[PDB]
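Source file: structure05.cif (mmCIF, C-alpha atoms and all ligand atoms)
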data_target
#
loop_
_atom_site.label_atom_id
_atom_site.label_comp_id
_atom_site.auth_asym_id
_atom_site.auth_seq_id
_atom_site.Cartn_x
_atom_site.Cartn_y
_atom_site.Cartn_z
CA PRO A 1 -12.52 2.08 -13.92
CA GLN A 2 -9.02 3.24 -14.69
CA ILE A 3 -7.66 4.90 -11.62
CA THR A 4 -4.73 7.25 -11.99
CA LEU A 5 -2.40 7.78 -9.07
CA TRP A 6 -2.07 11.53 -8.88
CA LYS A 7 -4.23 11.35 -5.72
CA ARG A 8 -4.80 8.63 -3.17
CA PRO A 9 -7.02 5.87 -4.66
CA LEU A 10 -9.99 6.20 -2.37
CA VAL A 11 -13.29 4.51 -3.07
CA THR A 12 -16.58 3.93 -1.35
CA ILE A 13 -17.19 0.52 0.10
CA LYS A 14 -20.19 -1.09 1.74
CA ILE A 15 -19.51 -3.49 4.58
CA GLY A 16 -21.81 -4.62 7.32
CA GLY A 17 -24.56 -2.40 5.95
CA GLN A 18 -22.28 0.63 6.37
CA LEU A 19 -20.80 2.93 3.75
CA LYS A 20 -17.10 3.75 4.36
CA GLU A 21 -14.22 5.25 2.45
CA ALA A 22 -11.22 3.05 1.84
CA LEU A 23 -7.79 3.12 0.22
CA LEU A 24 -6.97 0.62 -2.55
CA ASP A 25 -3.56 -0.64 -1.37
CA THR A 26 -1.61 -2.99 -3.60
CA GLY A 27 0.99 -2.99 -0.83
CA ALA A 28 -1.39 -4.59 1.65
CA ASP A 29 -1.76 -8.34 1.84
CA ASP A 30 -5.00 -8.04 3.83
CA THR A 31 -8.01 -5.74 4.17
CA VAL A 32 -8.16 -3.71 7.35
CA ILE A 33 -11.13 -1.67 8.53
CA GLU A 34 -11.61 0.63 11.52
CA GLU A 35 -13.58 -0.61 14.47
CA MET A 36 -17.00 -1.93 13.59
CA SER A 37 -19.25 -4.92 14.32
CA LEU A 38 -19.12 -7.95 12.00
CA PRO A 39 -20.97 -11.27 12.19
CA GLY A 40 -19.45 -14.61 13.07
CA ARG A 41 -16.42 -15.90 14.84
CA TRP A 42 -13.10 -14.11 14.90
CA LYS A 43 -9.53 -14.71 15.92
CA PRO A 44 -6.79 -12.27 16.83
CA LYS A 45 -3.98 -11.24 14.50
CA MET A 46 -1.09 -8.80 14.64
CA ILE A 47 -0.36 -6.92 11.43
CA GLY A 48 2.54 -4.62 10.71
CA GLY A 49 3.86 -1.97 8.43
CA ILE A 50 5.45 1.43 8.70
CA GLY A 51 5.46 2.32 12.38
CA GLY A 52 5.15 -1.24 13.65
CA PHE A 53 2.21 -3.48 14.50
CA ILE A 54 -1.42 -3.28 15.59
CA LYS A 55 -3.72 -5.94 16.98
CA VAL A 56 -6.86 -6.75 14.96
CA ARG A 57 -9.75 -9.19 14.90
CA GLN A 58 -9.92 -11.49 11.85
CA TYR A 59 -13.36 -12.26 10.42
CA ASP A 60 -13.75 -14.69 7.52
CA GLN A 61 -16.26 -14.93 4.71
CA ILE A 62 -17.29 -11.26 4.84
CA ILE A 63 -19.13 -9.79 1.85
CA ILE A 64 -18.06 -6.39 0.78
CA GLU A 65 -18.98 -4.09 -2.09
CA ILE A 66 -15.99 -2.11 -3.44
CA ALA A 67 -16.86 0.73 -5.79
CA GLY A 68 -19.79 -1.34 -6.96
CA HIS A 69 -18.02 -4.68 -7.25
CA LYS A 70 -18.99 -7.46 -4.82
CA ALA A 71 -16.30 -9.62 -3.24
CA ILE A 72 -16.07 -11.98 -0.31
CA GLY A 73 -13.11 -12.66 1.92
CA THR A 74 -11.38 -12.11 5.22
CA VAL A 75 -11.63 -8.70 6.84
CA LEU A 76 -9.46 -7.51 9.69
CA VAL A 77 -10.94 -5.02 12.13
CA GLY A 78 -8.95 -2.77 14.47
CA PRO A 79 -7.33 0.57 15.11
CA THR A 80 -6.05 1.28 11.63
CA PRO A 81 -5.54 4.95 10.75
CA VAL A 82 -6.96 4.33 7.26
CA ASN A 83 -9.46 1.75 5.94
CA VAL A 84 -7.48 -0.36 3.49
CA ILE A 85 -8.63 -2.76 0.77
CA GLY A 86 -5.75 -5.17 0.29
CA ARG A 87 -4.88 -7.81 -2.25
CA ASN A 88 -7.13 -10.52 -0.86
CA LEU A 89 -10.12 -8.52 -2.11
CA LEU A 90 -8.48 -6.58 -4.92
CA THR A 91 -7.93 -9.86 -6.77
CA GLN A 92 -11.65 -10.65 -6.53
CA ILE A 93 -12.70 -7.45 -8.29
CA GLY A 94 -10.07 -8.13 -10.97
CA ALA A 95 -7.82 -5.19 -10.13
CA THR A 96 -4.48 -4.98 -11.89
CA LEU A 97 -1.57 -2.57 -12.03
CA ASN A 98 -0.81 -1.42 -15.56
CA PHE A 99 2.14 0.44 -17.05
CA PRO B 101 2.94 -4.93 -18.07
CA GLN B 102 -0.32 -5.95 -16.47
CA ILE B 103 0.34 -7.10 -12.90
CA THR B 104 -2.25 -9.13 -11.06
CA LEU B 105 -2.37 -9.17 -7.25
CA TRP B 106 -2.51 -12.85 -6.30
CA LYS B 107 1.08 -12.41 -5.14
CA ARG B 108 2.79 -9.28 -3.80
CA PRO B 109 3.65 -6.91 -6.70
CA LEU B 110 7.38 -7.09 -6.22
CA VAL B 111 9.62 -5.69 -8.92
CA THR B 112 13.31 -5.09 -9.35
CA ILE B 113 14.51 -1.51 -8.97
CA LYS B 114 17.94 0.01 -9.61
CA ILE B 115 19.19 2.81 -7.38
CA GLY B 116 22.80 3.81 -6.83
CA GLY B 117 23.86 1.20 -9.41
CA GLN B 118 22.41 -1.55 -7.24
CA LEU B 119 19.50 -3.87 -7.88
CA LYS B 120 16.93 -4.17 -5.11
CA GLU B 121 13.42 -5.59 -4.72
CA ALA B 122 10.52 -3.27 -3.99
CA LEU B 123 6.73 -3.37 -3.68
CA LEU B 124 4.54 -1.37 -6.10
CA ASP B 125 2.25 0.31 -3.60
CA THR B 126 -0.77 2.33 -4.59
CA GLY B 127 -1.47 2.94 -0.92
CA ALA B 128 1.85 4.78 -0.43
CA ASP B 129 2.10 8.50 -1.15
CA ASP B 130 5.88 8.29 -1.29
CA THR B 131 8.75 5.92 -2.08
CA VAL B 132 10.51 4.55 1.02
CA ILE B 133 13.60 2.34 0.97
CA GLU B 134 15.62 0.59 3.59
CA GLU B 135 18.91 2.08 4.79
CA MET B 136 21.39 2.77 1.99
CA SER B 137 23.75 5.53 0.97
CA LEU B 138 22.52 8.21 -1.39
CA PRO B 139 24.30 11.34 -2.61
CA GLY B 140 23.64 14.90 -1.65
CA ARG B 141 21.88 16.61 1.17
CA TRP B 142 18.73 15.30 2.80
CA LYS B 143 15.79 16.95 4.57
CA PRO B 144 13.71 15.58 7.43
CA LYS B 145 10.33 13.96 6.95
CA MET B 146 7.91 12.13 9.16
CA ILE B 147 5.76 9.40 7.58
CA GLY B 148 2.94 7.28 8.89
CA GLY B 149 1.76 3.75 8.36
CA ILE B 150 -0.42 1.18 9.95
CA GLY B 151 1.58 1.13 13.20
CA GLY B 152 2.38 4.83 13.67
CA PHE B 153 5.09 7.23 12.55
CA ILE B 154 8.73 7.06 11.70
CA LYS B 155 11.43 9.58 10.78
CA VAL B 156 13.07 9.24 7.40
CA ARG B 157 15.70 11.01 5.30
CA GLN B 158 14.32 12.75 2.21
CA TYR B 159 16.55 12.85 -0.88
CA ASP B 160 15.35 14.65 -3.98
CA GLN B 161 15.97 14.09 -7.71
CA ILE B 162 17.35 10.61 -7.27
CA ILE B 163 17.72 8.52 -10.40
CA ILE B 164 15.89 5.22 -10.00
CA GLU B 165 14.74 2.52 -12.44
CA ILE B 166 11.52 0.65 -11.60
CA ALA B 167 10.87 -2.57 -13.53
CA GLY B 168 13.01 -1.18 -16.33
CA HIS B 169 11.31 2.25 -16.43
CA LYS B 170 13.40 5.30 -15.63
CA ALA B 171 12.26 7.78 -12.99
CA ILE B 172 13.94 10.70 -11.21
CA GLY B 173 12.40 11.86 -7.97
CA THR B 174 12.14 11.83 -4.24
CA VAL B 175 13.31 8.81 -2.28
CA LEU B 176 12.82 8.46 1.47
CA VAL B 177 15.31 6.31 3.41
CA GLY B 178 14.59 4.87 6.83
CA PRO B 179 13.30 1.95 8.91
CA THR B 180 10.60 0.70 6.61
CA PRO B 181 9.91 -3.02 6.85
CA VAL B 182 9.92 -3.32 3.06
CA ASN B 183 11.02 -1.19 0.15
CA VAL B 184 7.97 0.53 -1.31
CA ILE B 185 7.46 2.39 -4.58
CA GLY B 186 4.74 4.94 -3.96
CA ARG B 187 2.60 7.17 -6.05
CA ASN B 188 5.24 9.86 -6.56
CA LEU B 189 7.14 7.40 -8.78
CA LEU B 190 4.23 5.24 -9.92
CA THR B 191 2.92 8.33 -11.71
CA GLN B 192 6.30 8.83 -13.43
CA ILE B 193 6.22 5.32 -14.91
CA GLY B 194 2.59 5.78 -16.02
CA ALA B 195 1.04 3.22 -13.68
CA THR B 196 -2.69 2.94 -13.20
CA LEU B 197 -4.97 0.66 -11.20
CA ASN B 198 -7.65 -0.93 -13.37
CA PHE B 199 -10.75 -3.02 -12.72
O1 LIG A 201 1.00 -7.94 6.90
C1 LIG A 201 1.81 -8.13 5.75
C2 LIG A 201 2.89 -9.19 6.11
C3 LIG A 201 2.51 -6.81 5.36
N1 LIG A 201 3.38 -6.37 6.42
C4 LIG A 201 4.69 -6.13 6.29
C5 LIG A 201 5.47 -5.74 7.53
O2 LIG A 201 5.28 -6.27 5.20
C6 LIG A 201 1.42 -5.81 4.97
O3 LIG A 201 0.75 -6.05 3.94
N2 LIG A 201 1.22 -4.71 5.65
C7 LIG A 201 0.21 -3.69 5.28
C8 LIG A 201 0.88 -2.37 4.99
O4 LIG A 201 1.03 -1.52 5.86
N3 LIG A 201 1.37 -2.24 3.78
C9 LIG A 201 2.23 -1.09 3.44
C10 LIG A 201 3.41 -1.57 2.58
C11 LIG A 201 4.23 -2.73 3.17
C12 LIG A 201 4.72 -2.47 4.58
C13 LIG A 201 5.57 -1.23 4.71
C14 LIG A 201 1.50 0.02 2.73
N4 LIG A 201 0.33 0.47 3.43
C15 LIG A 201 -0.02 1.89 3.27
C16 LIG A 201 -1.36 2.30 3.85
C17 LIG A 201 -1.39 2.05 5.33
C18 LIG A 201 -2.64 2.58 5.96
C19 LIG A 201 -2.79 2.25 7.40
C20 LIG A 201 1.06 2.77 3.84
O5 LIG A 201 1.80 2.42 4.74
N5 LIG A 201 1.13 3.98 3.33
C21 LIG A 201 2.09 4.99 3.81
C22 LIG A 201 3.46 4.75 3.23
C23 LIG A 201 4.52 5.78 3.56
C24 LIG A 201 4.54 6.96 2.60
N6 LIG A 201 4.95 8.12 3.06
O6 LIG A 201 4.14 6.84 1.47
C25 LIG A 201 1.51 6.36 3.48
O7 LIG A 201 1.06 6.63 2.37
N7 LIG A 201 1.69 7.27 4.42
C26 LIG A 201 1.27 8.65 4.25
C27 LIG A 201 0.09 8.97 5.16
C28 LIG A 201 -1.27 8.47 4.71
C29 LIG A 201 -2.28 8.99 5.73
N8 LIG A 201 -3.65 8.90 5.29
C30 LIG A 201 -4.66 9.26 6.09
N9 LIG A 201 -5.88 9.14 5.64
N10 LIG A 201 -4.47 9.72 7.31
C31 LIG A 201 2.43 9.56 4.62
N11 LIG A 201 2.61 10.74 3.86
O8 LIG A 201 3.16 9.30 5.58
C32 LIG A 201 -0.86 -3.51 6.39
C33 LIG A 201 -1.97 -2.62 5.92
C34 LIG A 201 -1.30 -4.88 6.92
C35 LIG A 201 -2.07 -5.77 5.96
CL CL A 202 -9.52 -13.69 1.91
CL CL A 203 -6.87 -12.76 -12.67
CL CL A 204 9.05 12.82 -6.64
NA NA A 205 -17.05 -15.65 9.39
#
Take the structure I supplied and represent it as C-alpha cells, if you would.
Ligand SMILES: *O[C@H](C)[C@H](NC(C)=O)C(=O)N[C@H](C(=O)N[C@@H](CCCC)CN[C@@H](CCCC)C(=O)N[C@@H](CCC(N)=O)C(=O)N[C@@H](CCCNC(N)=[NH2+])C(N)=O)[C@@H](C)CC
Ligand SMILES: [Cl-]
Ligand SMILES: [Cl-]
Ligand SMILES: [Cl-]
Ligand code: NA
Amino acid sequence: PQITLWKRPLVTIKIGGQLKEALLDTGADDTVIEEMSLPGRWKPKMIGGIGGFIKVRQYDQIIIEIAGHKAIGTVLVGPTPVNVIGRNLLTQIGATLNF
Amino acid sequence: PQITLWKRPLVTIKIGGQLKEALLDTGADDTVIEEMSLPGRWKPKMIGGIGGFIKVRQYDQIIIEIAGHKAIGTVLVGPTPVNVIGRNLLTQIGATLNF
C-alpha cells in the first residue's frame, strides 16, 4: 500500500498466533511488542527514546505477518506503551519513505 | 527521493539558519528538536515516548527546511535524545510510506 501520514500508520500484525495493532515507526531501529509469550531463548536489552529507557526481552528469528507481508527477525518484548514495527522488519517488507 | 530503511533515515534540516541532522519518523506525531533558540512565544506541551513523558516548548509557524523541502509549522524543543521530524511536517513535504 501507499500509506499517507495524516493519521498514525497503524496496521494489523500477527505474531505468536495473536493479532495485534502496531505502529510503523521509521524512527525505531527495533521492533517492540507489549508483553506476550514467544518461543526460544531470549536475552535482556535496554532500549530508549523519549522519556528514557525500558527493559525488554530480545527474541531472535521470530516470524511476523505485517499487514499481510511475512517477515522474520528479532522482536523485543516488554512494557512499551505502543507496539512498534521498526526498521529491522520494515526493510523485509520493502517499506520505503517517498517524497 | 525514495528512502530505504537499512540505515536510520537521517536527513539534513535547516532551522534558524542552521543545518542540523534529524530522523524522518513516521511513528512521531510531532517534530521534536534538541535545545536551541527559536523566536516568539512558546506554549507548554507534554509528549510521550517509549520511556515515559517529557515537557517541551511548543513554537508555532516555524520555518524549517527538511531534505531541501520547505515547511512552516510547529516545532517542539526539549530533551529528546534525537531530533525527529514527525508527521506534522512529513505531511507538508508530501511524504508517504510505501510497500
Ligand atoms: O534504540 C535505538 C538506539 C533508538 N534509541 C535512541 C535513544 O535513539 C530507537 O530506535 N528508539 C526507538 C524510539 O523510541 N524511536 C523514536 C525516535 C528516536 C528516539 C527519540 C520514535 N518512536 C515513537 C513511537 C514510540 C512508541 C513507544 C515515538 O517516540 N513517538 C512519539 C514522538 C513524540 C511526538 N510528540 O511526536 C509520539 O508520537 N508521541 C505521541 C504519543 C503517541 C501515543 N500513542 C499511543 N497509542 N498511546 C505524543 N503526542 O506525545 C524505540 C522504539 C526503541 C527501538
Ligand atoms: Cl532482525
Ligand atoms: Cl531494498
Ligand atoms: Cl504543524
Ligand atoms: Na529465537
**Message:** If the limit is 7 Å from any atom of ligand LIG 201 (chain A), counting all atoms listed in the file, which residues qualify? Return them as JSON, numbers by chain.
**Reply:** {"A": [25, 27, 28, 29, 30, 31, 32, 47, 48, 49, 50, 80, 81, 82, 83, 84, 86], "B": [125, 127, 128, 129, 130, 131, 132, 146, 147, 148, 149, 150, 180, 181, 182, 184, 186]}
**Request:** Work out how far atom CA of residue 192 of chain B is from atom CA of residue 177 of chain B, in Å to one decimal.
**Result:**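 Answer for the atom CA of residue 177 of chain B to atom CA of residue 192 of chain B separation: 19.3 Å.
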Contacts between chain A and chain B, please, where a residue of chain B counts if it comes within 6 Å (with only C-alpha atoms); show its shortest atom pair and distance in Å to one decimal, rows by chain and ascending number, as JSON lines.
{"residue": "B:101", "atom": "CA", "partner": "A:99", "partner_atom": "CA", "distance": 5.5}
{"residue": "B:102", "atom": "CA", "partner": "A:98", "partner_atom": "CA", "distance": 4.6}
{"residue": "B:103", "atom": "CA", "partner": "A:97", "partner_atom": "CA", "distance": 5.0}
{"residue": "B:104", "atom": "CA", "partner": "A:96", "partner_atom": "CA", "distance": 4.8}
{"residue": "B:105", "atom": "CA", "partner": "A:91", "partner_atom": "CA", "distance": 5.6}
{"residue": "B:125", "atom": "CA", "partner": "A:27", "partner_atom": "CA", "distance": 4.5}
{"residue": "B:126", "atom": "CA", "partner": "A:25", "partner_atom": "CA", "distance": 5.2}
{"residue": "B:127", "atom": "CA", "partner": "A:25", "partner_atom": "CA", "distance": 4.2}
{"residue": "B:149", "atom": "CA", "partner": "A:50", "partner_atom": "CA", "distance": 4.4}
{"residue": "B:150", "atom": "CA", "partner": "A:49", "partner_atom": "CA", "distance": 5.5}
{"residue": "B:151", "atom": "CA", "partner": "A:51", "partner_atom": "CA", "distance": 4.1}
{"residue": "B:152", "atom": "CA", "partner": "A:51", "partner_atom": "CA", "distance": 4.2}
{"residue": "B:153", "atom": "CA", "partner": "A:51", "partner_atom": "CA", "distance": 4.9}
{"residue": "B:154", "atom": "CA", "partner": "A:51", "partner_atom": "CA", "distance": 5.8}
{"residue": "B:180", "atom": "CA", "partner": "A:50", "partner_atom": "CA", "distance": 5.6}
{"residue": "B:187", "atom": "CA", "partner": "A:5", "partner_atom": "CA", "distance": 5.9}
{"residue": "B:191", "atom": "CA", "partner": "A:5", "partner_atom": "CA", "distance": 6.0}
{"residue": "B:194", "atom": "CA", "partner": "A:99", "partner_atom": "CA", "distance": 5.5}
{"residue": "B:195", "atom": "CA", "partner": "A:99", "partner_atom": "CA", "distance": 4.5}
{"residue": "B:196", "atom": "CA", "partner": "A:4", "partner_atom": "CA", "distance": 4.9}
{"residue": "B:197", "atom": "CA", "partner": "A:97", "partner_atom": "CA", "distance": 4.8}
{"residue": "B:198", "atom": "CA", "partner": "A:2", "partner_atom": "CA", "distance": 4.6}
{"residue": "B:199", "atom": "CA", "partner": "A:95", "partner_atom": "CA", "distance": 4.5}
**Counting all atoms listed in the file, the residue of B:138, B:156, B:162, B:113 that sits nearest residue 176 of chain B** = B:156
Superposed chain B (on chain A, all in-order C-alpha pairs) as a PDB file with C-alpha atoms, in the frame of the given file:
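That gives us result_32.pdb:
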ATOM      1  CA  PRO B 101     -12.288   1.749 -14.186  1.00  0.00           C
ATOM      2  CA  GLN B 102      -8.784   3.037 -14.727  1.00  0.00           C
ATOM      3  CA  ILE B 103      -7.629   4.881 -11.602  1.00  0.00           C
ATOM      4  CA  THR B 104      -4.671   7.213 -11.770  1.00  0.00           C
ATOM      5  CA  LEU B 105      -2.620   8.010  -8.657  1.00  0.00           C
ATOM      6  CA  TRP B 106      -2.367  11.804  -8.580  1.00  0.00           C
ATOM      7  CA  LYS B 107      -4.794  11.637  -5.663  1.00  0.00           C
ATOM      8  CA  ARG B 108      -5.266   8.853  -3.105  1.00  0.00           C
ATOM      9  CA  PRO B 109      -7.258   5.961  -4.665  1.00  0.00           C
ATOM     10  CA  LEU B 110     -10.212   6.268  -2.351  1.00  0.00           C
ATOM     11  CA  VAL B 111     -13.373   4.379  -3.194  1.00  0.00           C
ATOM     12  CA  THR B 112     -16.684   3.739  -1.524  1.00  0.00           C
ATOM     13  CA  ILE B 113     -17.169   0.318   0.044  1.00  0.00           C
ATOM     14  CA  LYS B 114     -20.278  -1.267   1.563  1.00  0.00           C
ATOM     15  CA  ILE B 115     -19.933  -3.555   4.567  1.00  0.00           C
ATOM     16  CA  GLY B 116     -22.636  -4.392   7.083  1.00  0.00           C
ATOM     17  CA  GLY B 117     -25.113  -2.338   5.024  1.00  0.00           C
ATOM     18  CA  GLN B 118     -23.028   0.775   5.600  1.00  0.00           C
ATOM     19  CA  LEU B 119     -21.096   2.894   3.143  1.00  0.00           C
ATOM     20  CA  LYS B 120     -17.512   3.716   4.065  1.00  0.00           C
ATOM     21  CA  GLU B 121     -14.453   5.153   2.313  1.00  0.00           C
ATOM     22  CA  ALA B 122     -11.382   2.998   1.816  1.00  0.00           C
ATOM     23  CA  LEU B 123      -7.998   3.122   0.082  1.00  0.00           C
ATOM     24  CA  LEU B 124      -7.178   0.660  -2.731  1.00  0.00           C
ATOM     25  CA  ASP B 125      -3.781  -0.509  -1.543  1.00  0.00           C
ATOM     26  CA  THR B 126      -1.517  -2.714  -3.591  1.00  0.00           C
ATOM     27  CA  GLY B 127       1.020  -2.587  -0.784  1.00  0.00           C
ATOM     28  CA  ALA B 128      -1.386  -4.262   1.677  1.00  0.00           C
ATOM     29  CA  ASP B 129      -1.610  -8.048   1.856  1.00  0.00           C
ATOM     30  CA  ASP B 130      -4.928  -7.835   3.673  1.00  0.00           C
ATOM     31  CA  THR B 131      -8.010  -5.643   4.095  1.00  0.00           C
ATOM     32  CA  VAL B 132      -8.055  -3.667   7.363  1.00  0.00           C
ATOM     33  CA  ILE B 133     -10.929  -1.483   8.545  1.00  0.00           C
ATOM     34  CA  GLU B 134     -11.479   0.773  11.481  1.00  0.00           C
ATOM     35  CA  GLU B 135     -13.528  -0.417  14.459  1.00  0.00           C
ATOM     36  CA  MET B 136     -17.013  -1.628  13.533  1.00  0.00           C
ATOM     37  CA  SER B 137     -19.284  -4.514  14.394  1.00  0.00           C
ATOM     38  CA  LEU B 138     -19.186  -7.622  12.250  1.00  0.00           C
ATOM     39  CA  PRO B 139     -21.030 -10.916  12.706  1.00  0.00           C
ATOM     40  CA  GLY B 140     -19.632 -14.219  13.786  1.00  0.00           C
ATOM     41  CA  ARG B 141     -16.521 -15.349  15.523  1.00  0.00           C
ATOM     42  CA  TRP B 142     -13.124 -13.770  15.013  1.00  0.00           C
ATOM     43  CA  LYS B 143      -9.549 -15.062  15.248  1.00  0.00           C
ATOM     44  CA  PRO B 144      -6.441 -13.169  16.313  1.00  0.00           C
ATOM     45  CA  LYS B 145      -3.958 -11.708  13.867  1.00  0.00           C
ATOM     46  CA  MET B 146      -0.936  -9.497  14.131  1.00  0.00           C
ATOM     47  CA  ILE B 147      -0.174  -7.157  11.214  1.00  0.00           C
ATOM     48  CA  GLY B 148       2.700  -4.845  10.467  1.00  0.00           C
ATOM     49  CA  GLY B 149       3.097  -1.502   8.793  1.00  0.00           C
ATOM     50  CA  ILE B 150       5.525   1.313   8.535  1.00  0.00           C
ATOM     51  CA  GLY B 151       5.479   2.028  12.284  1.00  0.00           C
ATOM     52  CA  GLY B 152       5.392  -1.497  13.740  1.00  0.00           C
ATOM     53  CA  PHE B 153       2.737  -4.047  14.637  1.00  0.00           C
ATOM     54  CA  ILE B 154      -0.822  -4.015  15.794  1.00  0.00           C
ATOM     55  CA  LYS B 155      -3.355  -6.643  16.874  1.00  0.00           C
ATOM     56  CA  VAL B 156      -6.519  -6.968  14.846  1.00  0.00           C
ATOM     57  CA  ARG B 157      -9.669  -9.096  14.772  1.00  0.00           C
ATOM     58  CA  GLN B 158      -9.908 -11.430  11.776  1.00  0.00           C
ATOM     59  CA  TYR B 159     -13.385 -12.123  10.375  1.00  0.00           C
ATOM     60  CA  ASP B 160     -13.776 -14.515   7.474  1.00  0.00           C
ATOM     61  CA  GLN B 161     -16.271 -14.704   4.584  1.00  0.00           C
ATOM     62  CA  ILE B 162     -17.557 -11.193   5.063  1.00  0.00           C
ATOM     63  CA  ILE B 163     -19.678  -9.765   2.276  1.00  0.00           C
ATOM     64  CA  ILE B 164     -18.228  -6.469   1.079  1.00  0.00           C
ATOM     65  CA  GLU B 165     -18.757  -4.320  -2.030  1.00  0.00           C
ATOM     66  CA  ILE B 166     -15.758  -2.350  -3.334  1.00  0.00           C
ATOM     67  CA  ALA B 167     -16.502   0.415  -5.848  1.00  0.00           C
ATOM     68  CA  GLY B 168     -19.629  -1.485  -6.828  1.00  0.00           C
ATOM     69  CA  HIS B 169     -17.900  -4.882  -7.198  1.00  0.00           C
ATOM     70  CA  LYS B 170     -18.981  -7.692  -4.907  1.00  0.00           C
ATOM     71  CA  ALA B 171     -16.417  -9.607  -2.863  1.00  0.00           C
ATOM     72  CA  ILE B 172     -16.658 -12.098   0.010  1.00  0.00           C
ATOM     73  CA  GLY B 173     -13.572 -12.604   2.116  1.00  0.00           C
ATOM     74  CA  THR B 174     -11.441 -11.834   5.091  1.00  0.00           C
ATOM     75  CA  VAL B 175     -11.726  -8.473   6.810  1.00  0.00           C
ATOM     76  CA  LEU B 176      -9.419  -7.387   9.626  1.00  0.00           C
ATOM     77  CA  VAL B 177     -10.757  -4.871  12.169  1.00  0.00           C
ATOM     78  CA  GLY B 178      -8.528  -2.785  14.398  1.00  0.00           C
ATOM     79  CA  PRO B 179      -6.642   0.479  14.953  1.00  0.00           C
ATOM     80  CA  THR B 180      -5.637   1.220  11.406  1.00  0.00           C
ATOM     81  CA  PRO B 181      -5.282   4.907  10.597  1.00  0.00           C
ATOM     82  CA  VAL B 182      -7.262   4.446   7.384  1.00  0.00           C
ATOM     83  CA  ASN B 183      -9.487   1.789   5.899  1.00  0.00           C
ATOM     84  CA  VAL B 184      -7.467  -0.216   3.390  1.00  0.00           C
ATOM     85  CA  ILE B 185      -8.529  -2.694   0.718  1.00  0.00           C
ATOM     86  CA  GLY B 186      -5.645  -5.095   0.263  1.00  0.00           C
ATOM     87  CA  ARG B 187      -4.676  -7.717  -2.208  1.00  0.00           C
ATOM     88  CA  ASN B 188      -6.932 -10.430  -0.788  1.00  0.00           C
ATOM     89  CA  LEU B 189      -9.927  -8.444  -2.082  1.00  0.00           C
ATOM     90  CA  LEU B 190      -8.235  -6.581  -4.929  1.00  0.00           C
ATOM     91  CA  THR B 191      -7.738  -9.978  -6.567  1.00  0.00           C
ATOM     92  CA  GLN B 192     -11.456 -10.779  -6.154  1.00  0.00           C
ATOM     93  CA  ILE B 193     -12.483  -7.635  -8.045  1.00  0.00           C
ATOM     94  CA  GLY B 194      -9.910  -8.341 -10.784  1.00  0.00           C
ATOM     95  CA  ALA B 195      -7.634  -5.380 -10.085  1.00  0.00           C
ATOM     96  CA  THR B 196      -4.232  -5.045 -11.678  1.00  0.00           C
ATOM     97  CA  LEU B 197      -1.481  -2.434 -11.594  1.00  0.00           C
ATOM     98  CA  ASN B 198      -0.459  -1.333 -15.082  1.00  0.00           C
ATOM     99  CA  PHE B 199       2.319   0.816 -16.520  1.00  0.00           C
TER     100      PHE B 199
END
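Note that atom CA of residue 134 of chain B and atom CA of residue 22 of chain A are 27.0 Å apart.
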**Item:** Two-atom distance - atom CA of residue 165 of chain B, atom CA of residue 115 of chain B (Å)
**Value:**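 So the two atoms, atom CA of residue 165 of chain B and atom CA of residue 115 of chain B, lie 6.7 Å apart.
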**Request:** Pick out the residues no farther than 9 Å from ligand NA 205 (chain A), counting all atoms listed in the file, and list them as JSON, numbers by chain.
**Result:** {"A": [38, 39, 40, 41, 42, 58, 59, 60, 61, 62, 73, 74]}
**Request:** Identify which of the residues A:18, A:35, A:72, A:45 lies closest to ligand CL 202 (chain A), counting only C-alpha atoms and all ligand atoms when measuring atom-to-atom distances.
**Result:**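 With only C-alpha atoms and all ligand atoms as the atom set, the closest residue is A:72.
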